[PDB]
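In order, the protein sequence lines correspond to chains W and F. Each residue of the first sequence is one higher than the last, beginning at 10 in full-length UniProt numbering. Each residue of the second sequence is one higher than the last, beginning at 10 in full-length UniProt numbering. First comes the structure, then the notes that go with it.
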Amino acid sequence: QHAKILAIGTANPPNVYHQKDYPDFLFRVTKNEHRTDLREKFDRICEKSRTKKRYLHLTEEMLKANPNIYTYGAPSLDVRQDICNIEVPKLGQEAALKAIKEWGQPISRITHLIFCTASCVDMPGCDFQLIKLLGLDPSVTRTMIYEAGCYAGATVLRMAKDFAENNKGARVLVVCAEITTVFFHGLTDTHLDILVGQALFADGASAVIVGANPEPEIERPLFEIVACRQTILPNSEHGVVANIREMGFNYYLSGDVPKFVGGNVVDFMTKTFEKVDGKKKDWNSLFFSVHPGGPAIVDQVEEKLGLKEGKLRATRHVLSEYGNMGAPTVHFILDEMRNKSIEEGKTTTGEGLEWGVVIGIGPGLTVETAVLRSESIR
Amino acid sequence: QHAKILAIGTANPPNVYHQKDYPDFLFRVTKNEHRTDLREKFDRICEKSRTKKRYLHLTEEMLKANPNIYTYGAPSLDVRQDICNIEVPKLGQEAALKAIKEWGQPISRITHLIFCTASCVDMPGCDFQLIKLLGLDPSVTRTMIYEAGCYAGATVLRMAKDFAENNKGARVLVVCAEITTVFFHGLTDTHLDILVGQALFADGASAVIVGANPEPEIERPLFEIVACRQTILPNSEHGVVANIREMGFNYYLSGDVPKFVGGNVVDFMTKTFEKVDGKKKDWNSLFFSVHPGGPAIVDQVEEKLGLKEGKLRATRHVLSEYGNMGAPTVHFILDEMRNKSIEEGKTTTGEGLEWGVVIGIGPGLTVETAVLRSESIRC
Ligand SMILES: CC(C)(COP(=O)(O)OP(=O)(O)OC[C@H]1O[C@@H](n2cnc3c(N)ncnc32)[C@H](O)[C@@H]1OP(=O)(O)O)[C@@H](O)C(=O)NCCC(=O)NCCSC(=O)c1ccccc1
Ligand SMILES: CC(C)(COP(=O)(O)OP(=O)(O)OC[C@H]1O[C@@H](n2cnc3c(N)ncnc32)[C@H](O)[C@@H]1OP(=O)(O)O)[C@@H](O)C(=O)NCCC(=O)NCCSC(=O)c1ccccc1
Numbered sequence: 010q011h012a013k014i015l016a017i018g019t020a021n022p023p024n025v026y027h028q029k030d031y032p033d034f035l036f037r038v039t040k041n042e043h044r045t046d047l048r049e050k051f052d053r054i055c056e057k058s059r060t061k062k063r064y065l066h067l068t069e070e071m072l073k074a075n076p077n078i079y080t081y082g083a084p085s086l087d088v089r090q091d092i093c094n095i096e097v098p099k100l101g102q103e104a105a106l107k108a109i110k111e112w113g114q115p116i117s118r119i120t121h122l123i124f125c126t127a128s129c130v131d132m133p134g135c136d137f138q139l140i141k142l143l144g145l146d147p148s149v150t151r152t153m154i155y156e157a158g159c160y161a162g163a164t165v166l167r168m169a170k171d172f173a174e175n176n177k178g179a180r181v182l183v184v185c186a187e188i189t190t191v192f193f194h195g196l197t198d199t200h201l202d203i204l205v206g207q208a209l210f211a212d213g214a215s216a217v218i219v220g221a222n223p224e225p226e227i228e229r230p231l232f233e234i235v236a237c238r239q240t241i242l243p244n245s246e247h248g249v250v251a252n253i254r255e256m257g258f259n260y261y262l263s264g265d266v267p268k269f270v271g272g273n274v275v276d277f278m279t280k281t282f283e284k285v286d287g288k289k290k291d292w293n294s295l296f297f298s299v300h301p302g303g304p305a306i307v308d309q310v311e312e313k314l315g316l317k318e319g320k321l322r323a324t325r326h327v328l329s330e331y332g333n334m335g336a337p338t339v340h341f342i343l344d345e346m347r348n349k350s351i352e353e354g355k356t357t358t359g360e361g362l363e364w365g366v367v368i369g370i371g372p373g374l375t376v377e378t379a380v381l382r383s384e385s386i387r
Numbered sequence: 010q011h012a013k014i015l016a017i018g019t020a021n022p023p024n025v026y027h028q029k030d031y032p033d034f035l036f037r038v039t040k041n042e043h044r045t046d047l048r049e050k051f052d053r054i055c056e057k058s059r060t061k062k063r064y065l066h067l068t069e070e071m072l073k074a075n076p077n078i079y080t081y082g083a084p085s086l087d088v089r090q091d092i093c094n095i096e097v098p099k100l101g102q103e104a105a106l107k108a109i110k111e112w113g114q115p116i117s118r119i120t121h122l123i124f125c126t127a128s129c130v131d132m133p134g135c136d137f138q139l140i141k142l143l144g145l146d147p148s149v150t151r152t153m154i155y156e157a158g159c160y161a162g163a164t165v166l167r168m169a170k171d172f173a174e175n176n177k178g179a180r181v182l183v184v185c186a187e188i189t190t191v192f193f194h195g196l197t198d199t200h201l202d203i204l205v206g207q208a209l210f211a212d213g214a215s216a217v218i219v220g221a222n223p224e225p226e227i228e229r230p231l232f233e234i235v236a237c238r239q240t241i242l243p244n245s246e247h248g249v250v251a252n253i254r255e256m257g258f259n260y261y262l263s264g265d266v267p268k269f270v271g272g273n274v275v276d277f278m279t280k281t282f283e284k285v286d287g288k289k290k291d292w293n294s295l296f297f298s299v300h301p302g303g304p305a306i307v308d309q310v311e312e313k314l315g316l317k318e319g320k321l322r323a324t325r326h327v328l329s330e331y332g333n334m335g336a337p338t339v340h341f342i343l344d345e346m347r348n349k350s351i352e353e354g355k356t357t358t359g360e361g362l363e364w365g366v367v368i369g370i371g372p373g374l375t376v377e378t379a380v381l382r383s384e385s386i387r388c
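As structure tokens, this is what we get:
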């Protein structure tokens, strides 16, 4: 009786930023049009990004009202927090209402709430704010995951699994929401990492309902969460770093991140599937939701696992249409996979396959995997 | 087969601040000796604090080097974080080594880590840093609880229970560590709440090992974690608020917090025990670890539950000797209770009693309770 995903909902801010237009926007609104060297580099990064558009809360009017946000290193955490501590729970609410609708049960039936964000921090937290917005029972059992980073879309499934399986009848609402206003920085030739985040990072929220023992013909499972594993990739502490500072949430990204992922993927996949089956796996027999931290990460997974053409289509589709939204992204990918599987008349939510995996990748470097089974479409 | 607490260790910074000396220290080092108005108020708060001493990482030299820390509202987050992001995992390490020693198993048997702190935030987090310091397996399954606040000493037991019970053979290291350097603020009559935190808040770390199915040749359970409940007290959102700002971690404390706790304690205790056996009265039959957010909270729990003289001795002892260290405090209280029970020749780690409760109280206001059973002290 494993925990099952019973619903997935998603949301994004309303403002669409097409990648073709973003270099012009960024350099204009941050008053850096004279930095033609930085512009050419940013153009090359955007060309390689495999991201066509992103949704962002941030607007030009907000930058005009708060120019410290684009003035590299200026004190600006307070204004960023004033925005994100409100907008993160609100975007989470939208996704949650969609998940709850799909699930089809009353909000009063939710017993547990997991809220995850790397975009803000406050006491009481986003979980408390979401309880107020949704009218959740005031005695819901909460887990508030602040500042974990991009592996957490897998981690929250692992946590939901344990809560759902160890508490008879529990129904866990899981909400991941990101608003990257807190991570927006201006341009300096001394901190080129910012060009990569400026090209890739995006806003979005996901919500998932998890429960064990779904009610036959009443709840409709989408995926089963079978087993999970979290690990730290050796010698990679510098891979992804983010610090909570007076200037906002500052970050550093090593160019070696993709190679670290590629150098460990066989191992972490093997060790994960050992928790289920003693037989060796054929990686092409699986469906995949891979956190698309950037396009090179996706390429490394494909290469080192020997994946066939098109195996990572759902992952690449989400990166293209939404960018890297952090923890929610792998949930967008599972939703996309389910929806494409319906479109194509596949027999299961996992592209017609039985077994699959979610791969979250973030600071440490830390990788969390969740082994899934699909469910029948009919 | 419920999750058991198999070990408890604790640690504090080395610098001891006796409460009798703290007003003089605070007003001198923050250059506020002219504020005799605030000194009078602070003396009254310290007299009522029921706190005899506290351990603090912060020193006068740090304040002299970083006077923005005591300049109310000045930018200082970065220097605070530079301190706490290092000191929090280090203090946690000290507590963890003590817990691991008691537990008696190799560190390689630890499968899960929960780290909790409200004193800092970073990516990678304190959990990652503690893994490095201790040499935990790189594949430990982690939960990093940042900025939950004062209910979390109960919450982490609830989380550890689910992880330990759902993952067969799991052994969960739980570390809660607080360094209040991030919360230290200077003095203004526009934010009098700071006088309360200045009197009560303190530094410390706890470590607890949690597992189901204890290994008879090695492990010795102290408590069993039976059932847990978390709830929000109505109409109390202003009770405890803390914001992460350029000036550090700012906080507000409503004077009505004790009244909210007293007005809800019978209800939250009753609803908690509904998960066990339906207990509704005769609360003196239990042992207690109550988060001593301040002395008035302790007094309200005692009064409204009708607790007899001495029932909350362990709670009051920890408040007296350590102050309010945040989430770890209820674990210090369980450790004290175990210690005193040994000293007195009690039959169990819970003052001879069978059933007890941990009560954590923090922002929301949120109350998390954990119902415990004690374990035999063998003889
Ligand atoms: C799309 C890129 C960035 C570039 O495409 P490629 O196929 O590699 O093509 P190229 O080799 O032509 O490179 C083009 C130019 O880019 C430059 N450059 C590249 N990397 C860097 C770098 N780190 N730092 C500085 N510069 C860099 C490179 O030098 C070159 O410069 P030139 O043209 O010669 O002047 C790809 O490497 C990728 O997906 N990387 C993974 C991103 C990643 O780690 N994501 C996950 C972590 S996100 C996270 O945890 C988080 C999320 C939210 C908040 C907080 C935290
Ligand atoms: C020990 C006290 C503070 C005072 O003893 P009592 O028996 O009440 O004696 P009195 O009534 O004579 O009061 C003396 C004077 O103090 C004053 N005053 C009192 N309260 C306040 C106040 N809020 N705000 C401003 N002033 C206040 C009061 O007005 C009086 O002033 P005067 O003398 O007339 O000029 C007791 O009320 C207590 O335990 N409170 C619970 C503290 C609490 O909520 N803890 C939990 C949250 S910790 C947390 O979440 C956290 C932890 C770490 C980091 C971040 C967050």
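Each residue gets a CB set at the ideal place from its N, CA and C atoms; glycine is no exception.
- Residue-level contact check: W:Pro22 does not touch chain F, since none of the beta carbons of chain F fall below 8 Å from its beta carbon.
- Between F:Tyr64 and chain W, the shortest Cβ-Cβ separation is not below 8 Å.
- Along the length of the region 231 to 314 of chain F, whole alpha helix (DSSP H) runs at least 4 residues long occupy 266 to 282 and 304 to 314, reported in chain order.
- Closer than 7 Å to some heavy atom of ligand 2: that does not describe the Cβ of F:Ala12.
- Within the region 103 to 125 of chain F, no residue has a Cβ lying closer than 8 Å to any Cβ of chain W.
- The straight-line gap separating the alpha-carbon atoms of F:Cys388 and F:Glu353 is approximately 13 Å.
- The region 145 to 153 of chain F and the region 86 to 93 of chain F do not touch, with fewer than three beta-carbon pairs separated by less than 8 Å.
- With a 10 Å radius around the Cβ and a threshold of 16 neighbouring Cβ atoms, W:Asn244 comes out exposed.
- Per the DSSP secondary-structure output, W:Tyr155 pairs in a beta bridge with W:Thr126.
- W:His200 sits in coil when the DSSP states are folded into three classes, being neither helix nor strand.
- Residue burial annotation: F:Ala74 is exposed, with fewer than 16 other C-beta atoms found within 10 angstroms of its C-beta.
- Ligand 2 approaches F:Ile54 closely enough that one of its heavy atoms is under 7 Å from the residue's Cβ.
- Where F:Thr338 is concerned, the enclosing alpha helix (DSSP H) starts and stops at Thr338 to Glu353.
- Interface criterion not met: the Cβ of F:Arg382 is under 8 Å from no Cβ in chain W.
- A residue is called buried when at least 16 other Cβ atoms come within 10 angstroms of its Cβ; W:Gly257 meets this threshold and is buried.
- Just so you know, the alpha carbons of W:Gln114 and W:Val183 end up roughly 15 Å apart.
- For F:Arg238, the C-beta contacts it makes with chain W under 9 Å involve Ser148 and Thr150, in order along the chain.
- Its chain contains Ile54, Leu262 and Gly303 as the residues whose beta carbon lies nearer than 8 Å to that of W:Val205, once the 5 sequence neighbours on both sides are disregarded; these appear in chain order.
- For F:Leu362, the nearest beta carbon of chain W is not closer than 8 Å to its own beta carbon.
- Apart from the 5 residues on each side of it in sequence, F:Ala323 sits with its Cβ closer than 6 Å to the Cβ of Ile342, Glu345 and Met346 in its chain, given in chain order.
- For F:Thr60, the three-state secondary structure derived from DSSP is coil.
- According to the DSSP assignment, W:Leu86 belongs to the alpha helix (DSSP H) that extends over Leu86 to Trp112.
- Listed along chain F, no residue sits closer than 7 Å to W:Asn259 by beta-carbon distance, the nearest being about 10 Å off.
- Here the alpha carbon of W:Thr190 sits roughly 35 Å from the alpha carbon of F:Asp171.
- Distance from the C-beta of W:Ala186 to the nearest heavy atom of ligand 1 is not below 7 Å.
- In its chain, beyond the 5 residues on either side, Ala104, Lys107, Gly213, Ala214, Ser215, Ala216, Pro337, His340, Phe341 and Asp344 have a beta carbon closer than 8 Å to the beta carbon of F:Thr19.
- By the Cβ-count criterion, W:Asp87 is buried, with 16 or more other Cβ atoms from all chains shown falling within 10 Å of its own Cβ.
- Excluding residues up to 5 positions away in sequence, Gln309, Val310, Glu312 and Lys313 lie with their Cβ nearer than 8 Å to the Cβ of W:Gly271 in the same chain.
- Interface with chain W (8 Å Cβ-Cβ cutoff): F:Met334 is excluded.
- Three or more Cβ pairs closer than 8 Å define a contact, and the region 173 to 180 of chain F meets that threshold against the region 216 to 225 of chain F.
- Assigned with DSSP and collapsed to three states, W:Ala12 falls in strand.
- For F:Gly248, the CB contacts under 8 Å within the same chain, skipping 5 residues up- and downstream, are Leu242, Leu262, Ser263, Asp265, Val266, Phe269, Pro372, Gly373 and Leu374 in chain order.
- Under a 10 Å Cβ-count criterion, F:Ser385 is classified as exposed, with fewer than 16 other Cβ atoms of the shown protein chains found around its own Cβ.
- Among the CB atoms of chain W, one or more fall inside 8 Å of the CB of F:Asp87.
- Using a Cβ-Cβ distance cut-off of 8 Å, the region 282 to 302 of chain F and the region 324 to 332 of chain F are in contact, since at least three pairs of beta carbons, one from each stretch, lie closer than that value.
- Under the Cβ distance rule, W:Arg254 counts among the residues neighbouring chain F, one pair being separated by less than 8 Å.
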